[PDB]
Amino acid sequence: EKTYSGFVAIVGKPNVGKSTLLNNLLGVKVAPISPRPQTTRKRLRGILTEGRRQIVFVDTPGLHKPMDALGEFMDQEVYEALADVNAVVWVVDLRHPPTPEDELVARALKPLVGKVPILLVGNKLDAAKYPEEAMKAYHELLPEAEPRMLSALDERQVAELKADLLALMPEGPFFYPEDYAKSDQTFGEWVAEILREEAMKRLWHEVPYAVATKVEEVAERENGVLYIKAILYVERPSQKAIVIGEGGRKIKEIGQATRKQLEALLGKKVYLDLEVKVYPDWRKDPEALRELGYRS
């Protein structure tokens, strides 16, 4: 009879496991993940429907001090993610004590204390040496939050968190139909993000942060083969050379890894063509940002 529905923002500094947590809460990979401290750049909605209850999760960019136009967009994305939700999941890395970036998040959540439930989720319990001490320090930054320690990779602990969040949703009609996709994004966007993820993990120094991607063509082909053409943009000529690599070895590595992940997630054959292009300092180009989808 009755139905419950709400939004849950997932926030925290970069690299704590926010996107990993979302994918595991949903049971399907919808968000890019990488070991680099600036992977997510735009809010991403993950739709969880369980029985008569629905949660629209909002993954967000890691909170940080903006350095350029892209950073400003990202900062605005976090701010807007926190404007109207029914609960907030603040993810922290239990492997170390709070950093100034974590304190930045605690500060951003103060106005929500007492207004919306805040769950302080300590992540990476599996790799933390001093989980308890770390968790205690994080909690002192926002005493009002409900603390818990887990690994976003642990099925049982994540399922427990999911149950606790569903019980917090207010009565109301579902925001999305119960048969809606697991995330609110186009197939093209999802593919471009998978490619960016594989690129970021295989590039170093400043290059990962200069990478943007876009799918320009998707089409049925060959013998049940899905054809995909995508562009990997960089900000400068020296980066293009490095992404391509000696004899095109680097871009081939990236392309192969992306094709294989795509085939494993889609369960079908994929033929992927990649082209590397320079989009002149696009992170500072308002027009470029709009073309690339970082619009607002």
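When you see a residue number, it is the position in the sequence shown, counting from 1.
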Seminar exercise, completed: Ranked by mean Cα B-factor in the entry, 6-14 and 272-280, top stretch is 272-280
Problem set entry | Stretch with the higher entry mean CA B-factor, where the candidates are 46-54 and 30-38 | 46-54
Problem set entry | Candidate residues 179, 80, 198, 93, the one whose C-alpha B factor the record puts highest | 179
For this session: Give the position of residue 63 by CA B-factor within its chain, expressed as the lowest, middle or highest third.
Result: lowest
Seminar exercise, completed: In terms of its chain's C-alpha B-factors, the third that includes residue 221 is the highest
Exercise. Split the chain's modelled residues into thirds by Cα B-factor; is residue 238 in the lowest, middle or highest one?
Worked result: highest
Seminar exercise, completed: residue 205: CA B-factor among chain residues, third -> lowest
For this session: State the tercile, meaning the lowest, middle or highest third, of residue 175 with respect to the CA B-factors recorded for its chain.
Result: highest
